[PDB]
Trainee: 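One structure is given below, represented as structure tokens, and several questions about it will come after.
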Protein chains: 2
Amino acid sequence: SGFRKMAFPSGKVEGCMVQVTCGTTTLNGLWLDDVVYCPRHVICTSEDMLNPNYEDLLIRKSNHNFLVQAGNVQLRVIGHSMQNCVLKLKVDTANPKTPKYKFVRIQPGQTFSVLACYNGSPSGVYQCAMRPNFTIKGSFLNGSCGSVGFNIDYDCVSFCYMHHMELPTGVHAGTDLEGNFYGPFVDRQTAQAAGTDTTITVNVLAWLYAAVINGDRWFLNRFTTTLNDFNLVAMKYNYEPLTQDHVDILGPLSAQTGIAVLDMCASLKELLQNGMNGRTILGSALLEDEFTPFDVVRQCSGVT
Amino acid sequence: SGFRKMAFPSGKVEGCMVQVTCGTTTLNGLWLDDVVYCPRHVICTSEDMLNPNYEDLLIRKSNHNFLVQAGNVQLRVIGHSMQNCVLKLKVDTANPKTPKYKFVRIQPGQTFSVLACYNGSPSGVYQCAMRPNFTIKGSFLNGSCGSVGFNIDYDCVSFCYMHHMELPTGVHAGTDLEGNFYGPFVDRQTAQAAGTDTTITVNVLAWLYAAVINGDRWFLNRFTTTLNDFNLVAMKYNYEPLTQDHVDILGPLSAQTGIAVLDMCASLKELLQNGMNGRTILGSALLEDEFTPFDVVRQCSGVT
Ligand SMILES: Cc1cncc(NC(=O)Cc2cccc(Cl)c2)c1
Ligand SMILES: Cc1cncc(NC(=O)Cc2cccc(Cl)c2)c1
């Protein structure tokens, strides 16, 4: 037992990290097969970032201007192309460390691991959730651009995120591996509105199920609620409305603990209305929304 | 910016994980060079675990009884020996994936990453602190025994922990890589007292410095304190007494923020005496003690 904000093992992703330099800018790239993916802002200087004309900036670049280094070895660039906000650098050597992989666009409220990198070198790994407003509350410094988010299904790495930018608010924005930004963000140094965020209700309920499985049961009560009643409380407390699809995904946890989903909603309703009264749940003094129902089951059953 | 409970990249440790089976028991082993380290309880059955006579149990085992599998390949065992609570299985092949490594015995209050494994396969990675009472609040299920804790200094992996047991209280106990338990624990299915735990004061102060660096400054006040005054408050709130050595290790963070260590102690004193008033610090509603001063600097400077 015990419950931690656990990341996937990063080994398969560490083997894909490279450093990409173009002019004076250095960032991280992802080397899969004979292609290196990196944020397209690698071609900009500071004077360009206010409103870059990426098409024009890229036209002044040739394959030999993109310096790609995989630790000790330099990679030979034989092609370059911009796809949305990512650059794809064709190299003459397939990465021998390429794992089985997929490019996926994750949904808001879903979680993933991030391997934070600087100069093509991994520094650490942590678990994130894509906020309902398509930002991520990461830990990234200058040079972290090109670090990726991923999930792992035994031997398959599904890459879902590539880091691009830190907004003035200190929150993070990036793209799927086809270079499409999550959220309304654009890759330019401009103040940009992140929408109203909400708490991922299905994740808080999954985490309450994790708490019950792991021995923390003080919040369980004699009450029940309905989806409609629960949603009036969710509305007031800026939580995502709960749907039958969320109840359905909570099925396994409801069965394991014998606590009906609406009964757990009534515990969440009381905790929202009353707070924690200075108590903790799984070492947290707030309601945690960064664990999905799948995450809770995976952590509580031991999937490798 | 941003601050996360970040683990070291696990790649170098994933390459050392093997499955060790002896009779009916399967657990994880660590393969470094031509030796596989695993908890000695791999030789026990359920009937033995109340009070195993490890010397006698091991005498009934021969090299061929220890089945070591590194993914697909079976390793040939040519020697076995018990050192404290670990078994060292000499194999005929040096692990080609052996990183540069050291075996270190960490101090209480220090942090490390754990690569949780089942059947020699990694499932996830998380950051832990060794509690002042020598337990760890991990996330481990049956079969996780043999999973290790480590720190990484660029290319060198310092292994500090090997998981052995979950105490009846749901907390975890294990050994250094020489098989010496951290704390008073013994490897037997018996109720065992973990000492009175305390909060790692130097870590909470380091985390308050991380909060200031990352923009969360609401807790900063117009006050200061002395070590003696601060320690009277630490005593009442079950926090470790602060010493000049702890102040000295906080030097870099004090210099970066310009906030003298005793002034930060006065903010911690007010937060202990008043609580958070329903506010948060770095997304937490409690005082976090799992980041050391080194961790904060490493995360805030981008070390790879
Ligand atoms: C401190 C920090 C954290 N993460 C990323 C960064 N880097 C950036 O934001 C650079 C940038 C500026 C303008 C637009 C774009 Cl797409 C990129 C810094
Ligand atoms: C649920 C779980 C988590 N971690 C480890 C375990 N495993 C054990 O404790 C087994 C055991 C029993 C008695 C003494 C020893 Cl040294 C080992 C289970």
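Both ligands and their constituent atoms are indexed starting at 1 by order of listing. Chain letters run A, B, ... following the sequence lines, proteins first, then strands; residues in each count from 1. Hydrogens, waters and symmetry mates are skipped; everything else that's a heavy atom, side chains included, is used.
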Trainee: So do the side chains of B:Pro39 and B:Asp187 get within less than 4.5 Å of each other, counting heavy atoms only?
Mentor: no
Trainee: Regarding A:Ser1 and B:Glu166, is there a side-chain donor-to-acceptor distance under 3.5 Å anywhere?
Mentor: yes
Trainee: Exactly one of B:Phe150, B:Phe112, B:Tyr37 should register a ring-ring contact (aromatic ring centres under 6.0 Å, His included) with B:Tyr161. Which one does?
Mentor: B:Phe112
Trainee: Closest approach of B:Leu27 and B:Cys145, non-hydrogen atoms and distance?
Mentor: CB-O, 3.4 Å
Trainee: Describe, in one word, how the ring planes of A:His80 and A:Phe66 are oriented to each other, choosing from parallel (under 30°), tilted (30 to 60°) and perpendicular (over 60°).
Mentor: tilted
Trainee: Do we get A:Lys5 above A:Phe291's six-membered ring, with its NZ or CZ under 6.0 Å from the centre and within 45° of the axis?
Mentor: yes
Trainee: Any protein N or O within less than 3.5 Å of an N or O in ligand 1? List each pair with its distance, or say none.
Mentor:
from: ligand 1; atom 1: 4 (N); to: A:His163; atom 2: NE2; distance (Å): 2.8
from: ligand 1; atom 1: 9 (O); to: A:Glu166; atom 2: N; distance (Å): 3.1

